[PDB]
K.L.:
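Structure below; questions to follow.
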There are 4 protein chains.
Amino acid sequence: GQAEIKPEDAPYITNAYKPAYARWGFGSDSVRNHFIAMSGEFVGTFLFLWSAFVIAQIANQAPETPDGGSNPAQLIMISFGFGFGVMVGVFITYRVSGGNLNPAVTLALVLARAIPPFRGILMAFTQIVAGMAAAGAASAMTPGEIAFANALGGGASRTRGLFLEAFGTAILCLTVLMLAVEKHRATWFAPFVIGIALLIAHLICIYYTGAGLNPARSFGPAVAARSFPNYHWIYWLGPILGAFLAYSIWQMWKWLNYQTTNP
Amino acid sequence: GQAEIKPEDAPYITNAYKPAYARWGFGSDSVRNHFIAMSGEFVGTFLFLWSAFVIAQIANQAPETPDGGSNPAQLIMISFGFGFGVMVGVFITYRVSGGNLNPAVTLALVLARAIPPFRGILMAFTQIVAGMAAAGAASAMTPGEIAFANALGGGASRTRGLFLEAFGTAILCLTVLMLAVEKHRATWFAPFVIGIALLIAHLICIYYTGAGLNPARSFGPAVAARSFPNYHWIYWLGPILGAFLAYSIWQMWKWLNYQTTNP
Amino acid sequence: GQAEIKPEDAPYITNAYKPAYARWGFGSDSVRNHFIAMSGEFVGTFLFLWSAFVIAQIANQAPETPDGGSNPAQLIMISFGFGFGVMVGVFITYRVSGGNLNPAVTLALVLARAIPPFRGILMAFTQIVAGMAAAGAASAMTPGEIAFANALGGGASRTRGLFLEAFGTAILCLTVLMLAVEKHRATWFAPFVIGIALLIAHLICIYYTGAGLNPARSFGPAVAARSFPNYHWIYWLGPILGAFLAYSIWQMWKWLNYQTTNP
Amino acid sequence: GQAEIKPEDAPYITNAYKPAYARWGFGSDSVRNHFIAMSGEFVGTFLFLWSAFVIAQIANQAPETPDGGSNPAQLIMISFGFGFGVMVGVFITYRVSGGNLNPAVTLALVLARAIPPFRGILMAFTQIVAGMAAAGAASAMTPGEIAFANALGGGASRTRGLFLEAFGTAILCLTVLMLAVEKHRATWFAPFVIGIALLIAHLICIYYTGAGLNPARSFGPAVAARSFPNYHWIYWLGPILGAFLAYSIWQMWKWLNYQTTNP
Ligand SMILES: CCCCCCCCO[C@@H]1O[C@H](CO)[C@@H](O)[C@H](O)[C@H]1O
Ligand SMILES: CCCCCCCCO[C@@H]1O[C@H](CO)[C@@H](O)[C@H](O)[C@H]1O
Ligand SMILES: CCCCCCCCO[C@@H]1O[C@H](CO)[C@@H](O)[C@H](O)[C@H]1O
Ligand SMILES: CCCCCCCCO[C@@H]1O[C@H](CO)[C@@H](O)[C@H](O)[C@H]1O
Ligand SMILES: CCCCCCCCO[C@@H]1O[C@H](CO)[C@@H](O)[C@H](O)[C@H]1O
Ligand SMILES: CCCCCCCCO[C@@H]1O[C@H](CO)[C@@H](O)[C@H](O)[C@H]1O
Ligand SMILES: CCCCCCCCO[C@@H]1O[C@H](CO)[C@@H](O)[C@H](O)[C@H]1O
Ligand SMILES: CCCCCCCCO[C@@H]1O[C@H](CO)[C@@H](O)[C@H](O)[C@H]1O
Ligand SMILES: CCCCCCCCO[C@@H]1O[C@H](CO)[C@@H](O)[C@H](O)[C@H]1O
Ligand SMILES: CCCCCCCCO[C@@H]1O[C@H](CO)[C@@H](O)[C@H](O)[C@H]1O
Ligand SMILES: CCCCCCCCO[C@@H]1O[C@H](CO)[C@@H](O)[C@H](O)[C@H]1O
Ligand SMILES: CCCCCCCCO[C@@H]1O[C@H](CO)[C@@H](O)[C@H](O)[C@H]1O
Ligand SMILES: CCCCCCCCO[C@@H]1O[C@H](CO)[C@@H](O)[C@H](O)[C@H]1O
Ligand SMILES: CCCCCCCCO[C@@H]1O[C@H](CO)[C@@H](O)[C@H](O)[C@H]1O
Ligand SMILES: CCCCCCCCO[C@@H]1O[C@H](CO)[C@@H](O)[C@H](O)[C@H]1O
Ligand SMILES: CCCCCCCCO[C@@H]1O[C@H](CO)[C@@H](O)[C@H](O)[C@H]1O
Ligand SMILES: [Cl-]
Ligand SMILES: [Cl-]
Ligand SMILES: [Cl-]
Ligand SMILES: [Cl-]
Ligand SMILES: [Cl-]
């Protein structure tokens, strides 16, 4: 009735592939543990954003599309850079820091009480510094003017851009909450679903807002380009609103004990 | 012969990642449980269709292709919006409502007796309202005329469109039946396969019918655009026929005890 | 040291997601079991090839590329139709017939003794009839001349085409052998890897041979178009050689007891 | 509290899907075992690189983009050839050799002490010979001049190219280290994540360096084309630096006992 597990194969069963924040209980507030979490967020955010910035730099060397029209292949390439970039970053750092790689994701998880506030602030600070470093590195490593900073486009107003950013970020954060924070037989696979959520959010937003969805992603290139549009606030308030919306939905489902027919 | 499961990791084993309908037994008819199912279908259908509508809006800003020709990159982008959009929606809501997000899928599951008729009707109503909301939101958040409503194209007749919709929907529903409704070691992964099935169905249908495959997807934009083509019925009858075809195939396999060599 | 499995969740553990051929032992030669296998191959091959034929029909409505050049977006779309089409077909039919959907795959598995010769012949016959049906249906459901039949292109000779088909088919068959036929913790996931293998084989072959890789795929459209090129034999001999090459590699590894350090 | 495993299904549980190097302990230095490892690296590297070379050959038949601009669809196609090509190669050979398919990956794993130096050298030699064979085969099987050799482009300097190659290779090697070398419930899935990492690294590098990321990938086509650019060294030093960077990050995390809150 049972299948044998050879001793040498036990680690593949005993070592759960779960986000680090799931096991941040007593003992977590050591300098060692804060450093581990910061190092995961730094390495993960740097590799994700650096990759995606260079990919966007390249995609934006495509010949101009007339009459402000869209270029689907270009948008797909950029969406792959961020979606698959984050997927790889999260898979790498899942057991180091949980792979948030995004202050808005960290905010949603602080609201959900998956991550305590101080650790959350440390992680968010680390992500922003990593975004600055990634933007500086991508700039230094590519020819031409920086083409990976966020800006409104496609005829979108600031108000439309704000909403697009908020809803796009909500999809991302709700994915992290339901797949990574909730504990079940698919938690291990959350980094994939998270990557696809960000891919979709880019297909929604790049054409209209450049796709911020992540204050660390938006801030870094603005620093490197020495250019902040006056509507830069949409790349902070939008994702913040998105985090709160995702948290609210998750919280309603938690209050309802959603996963259980007869609680 | 056994591998140890640490107590803190038990939830990743004990909490099955299974569609909510699999555990809708005694106790399911409470107002609480009807609300949970409706909330999953609403949130899931809204996020999926809103995302996919904005993505289609953008893709359809590509320069016109001469002589009625196809634009593969454009079709790929739209197919990603719906296929990956549904994938994310289903992964998020799998343990809330089962993530049908489509009245034709719900119909197939009512025929299969996976979901009872009244709950099915509630879910289908919820999906249609969510589709209306998504269409209204996508319209309000994007510039220009609505470009995400379904219409015949590529020289396809209504009769050809009806068949394409029926067969495309059958592929989707048969995927849900064999991967999500059938209970096995891949049930947890059904949301991925479901997303790929919808991706393929879009590559089949967008050019010719706009790809309905989902009455809630077709109805919402028609309301928002205040425009119903006289052939709008193909987006209802087609998916209905597809649900019946998928159900029929599944039912034959169930009668045959397909999964067992010696029943 | 153990994690509890709730009784209602046991089916997700006890019901292995494994190819049907893995459990075709004593009792398999009943009319019922032959019919089940044929029905899986028919439904799976029809849905896969019908989908992929319509997708290719659409992709080939793209404006002509000058000077015989390639169109990467077009090639990607067609490769998705076949790669994701087969992925969905195999996931649906894995526990019905094993989801070969390809006489060359069945041949490799007959050589490997995973499927007995008579059952193999029945399956191969079924796949060819399903390919004819799919080609007829795709033709009837789409406007214009059939654009999904295989032909040499891109300046490739018959001899080059033969080799491309053989190597492409070998990649496909070796994937099925190592992921689906070999029994391990990734067998359940083989349909995904199989789909990606076919996706790659299409990116290799479409431009030069139209990508046969499957005698049932090549034969059906030729019948529907009432057109057989004199080099049609490359779409039979190529995949046959590929099946033998994959089998040979697998057989060497089996003789070597590849998976065990100290046999 | 437990779910039954039928005896015929035990192999899907007992046979771990783990990289071969994980079980190269006592007994590994036999001629048989060296041959098994070499055969996995040869077959895997040949199929991966041959596929990707033909796909790149085809993608590079696209009409020229004016003013040195990028072609996103072309870059996506090439990135799929290498990313999905390696994914398939690694899935096939995971239990044969571990599926390194890349001297830089092998170097990272020798540094990490996952593979001993002599076996590592044998594997690296095998990969280079397989790359030469793949380049020769791809050349012989395709018309026109070889279009799959690495070269600088997009206005990138040798110094920028070196850094892009190093960082891109680091992402690849860190993925292998954290997903395949580290033992946990996602180790079986590493071939997927590895493939996506290489896909991303191609979106970063193709436009600027042709994307080497693998000395065996760069050397083979140079031999077949009888052409070595004077900056060919970037395709050796870059990936070597990337392997060392990935190793360094992993080693820091190992020293920190990253995966454990209270060591
Ligand atoms: C001195 C007695 C107090 C010791 C503090 C309790 C240590 C709890 O520590 C917790 O242990 C769990 C396993 O039990 C781990 O999963 C968590 O990572 C860890 O934070
Ligand atoms: C879920 C509901 C989202 C509502 C977001 C709508 C944002 C309003 O968008 C506004 O639409 C106007 C149309 O007259 C335009 O004139 C404005 O420029 C634009 O900002
Ligand atoms: C307007 C739509 C009506 C919404 C009904 C919400 C369902 C509330 O249902 C309540 O949920 C509580 C928290 O889980 C439980 O403690 C109660 O048993 C249950 O009655
Ligand atoms: C013995 C008298 C009981 C009267 C209450 C009947 C309400 C039935 O309702 C049940 O309530 C249970 C407990 O809250 C929930 O777990 C079930 O989901 C719900 O269906
Ligand atoms: C008063 C005695 C009658 C109680 C009704 C039986 C409750 C069955 O309820 C069922 O229990 C299963 C677990 O056993 C769960 O998996 C299902 O979700 C649930 O519907
Ligand atoms: C599985 C079989 C599907 C059959 C669907 C075929 C739909 C018929 O399609 C019809 O084909 C005619 C060709 O002469 C055209 O003139 C019609 O306009 C078109 O509607
Ligand atoms: C024309 C093609 C012939 C189709 C043969 C169908 C196979 C029927 O097979 C029957 O299936 C029943 C239901 O599972 C079983 O109860 C019987 O034991 C079995 O004989
Ligand atoms: C003792 C006399 C038995 C005569 C019937 C022989 C039929 C063998 O046929 C067997 O029948 C079994 C029971 O239906 C099925 O489970 C097997 O799949 C089938 O192969
Ligand atoms: C009359 C005594 C002979 C009976 C024939 C043996 C039946 C073997 O039948 C085999 O049983 C296995 C489970 O044990 C299943 O996994 C296989 O699907 C089945 O073919
Ligand atoms: C693994 C080795 C594969 C070898 C396949 C090579 C197929 C030969 O290809 C041949 O190349 C010639 C070049 O002069 C051309 O003139 C021929 O038209 C062409 O058929
Ligand atoms: C020219 C390259 C040399 C190839 C060496 C092949 C390795 C053969 O190795 C042999 O394999 C047999 C089958 O597994 C085993 O029975 C023997 O123990 C073993 O010596
Ligand atoms: C007691 C004398 C033994 C002399 C033979 C030494 C060969 C060591 O070689 C070992 O042989 C084993 C059995 O074939 C294999 O399982 C191991 O993989 C191999 O390393
Ligand atoms: C003669 C006594 C010395 C025998 C050498 C020890 C053989 C160890 O050999 C190891 O065994 C492990 C399982 O235990 C396997 O997982 C490893 O693949 C294998 O290398
Ligand atoms: C992580 C930091 C990466 C630094 C890599 C920067 C590579 C330097 O790149 C250099 O930039 C100069 C700009 O003036 C150009 O003139 C040079 O041609 C170019 O090689
Ligand atoms: C400048 C930033 C400070 C970096 C702090 C590094 C954290 C070191 O933390 C140390 O790690 C050792 C190895 O795991 C442990 O043995 C010690 O218990 C622990 O104090
Ligand atoms: C009994 C006196 C103990 C004083 C040391 C308090 C340091 C608490 O720090 C703890 O140290 C543990 C052991 O190194 C680690 O496992 C925990 O992660 C860390 O939080
Ligand atoms: Cl503490
Ligand atoms: Cl009830
Ligand atoms: Cl029998
Ligand atoms: Cl030894
Ligand atoms: Cl799994």
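Keep in mind that the numbers below use all heavy atoms, side chains included, and drop hydrogens, waters and symmetry copies. Below, read A as the first sequence line, B as the second, and so on, with proteins coming before strands; counting in each chain starts at 1. Order of listing sets the numbers, starting from 1, for every ligand and every atom in it.
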K.L.:
Could you check atom 18 (O) of ligand 15 against the protein and tell me its nearest heavy-atom contact, residue, atom and distance included?
P.N.:
A:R32 CD, 4.7 Å
K.L.:
Can you label the angle between the D:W253 ring and the D:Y258 ring as parallel, tilted or perpendicular, going by 30° and 60°?
P.N.:
tilted
K.L.:
Taking 4.0 angstrom as the limit and counting only heavy atoms of A:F35, give me the atoms of ligand 15 inside it, by number and element.
P.N.:
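Answer for ligand 15: 4 (C).
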K.L.:
Give a yes or no on whether atom 16 (O) of ligand 15 lies under 4.0 Å from any heavy atom of the protein.
P.N.:
no
K.L.:
Between C:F189 and B:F189, what is the ring plane arrangement, given parallel below 30°, perpendicular above 60°, and tilted in between?
P.N.:
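Perpendicular, since the angle between the ring planes exceeds 60°.
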K.L.:
Is atom 9 (O) of ligand 15 in close reach of the protein, with a heavy atom under 4.0 Å away?
P.N.:
yes
K.L.:
Do the non-hydrogen side-chain atoms of D:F91 and C:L179 ever get within less than 4.5 Å of each other?
P.N.:
yes
K.L.:
Parallel, tilted or perpendicular for A:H34 and A:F118, by the 30°/60° rule?
P.N.:
perpendicular
K.L.:
Is atom 13 (C) of ligand 15 in close reach of the protein, with a heavy atom under 4.0 Å away?
P.N.:
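At least one protein heavy atom is under 4.0 Å away.
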K.L.:
Taking the side chain from A:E41 and the backbone from A:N100, do they hold a donor-acceptor pair closer than 3.5 Å?
P.N.:
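Such a contact is found between A:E41 side chain and A:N100 backbone.
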K.L.:
Considering all protein heavy atoms, does one lie under 4.0 Å from atom 1 (C) of ligand 15?
P.N.:
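For atom 1 (C) of ligand 15 the answer is no, since every protein heavy atom stays at 4.0 Å or beyond.
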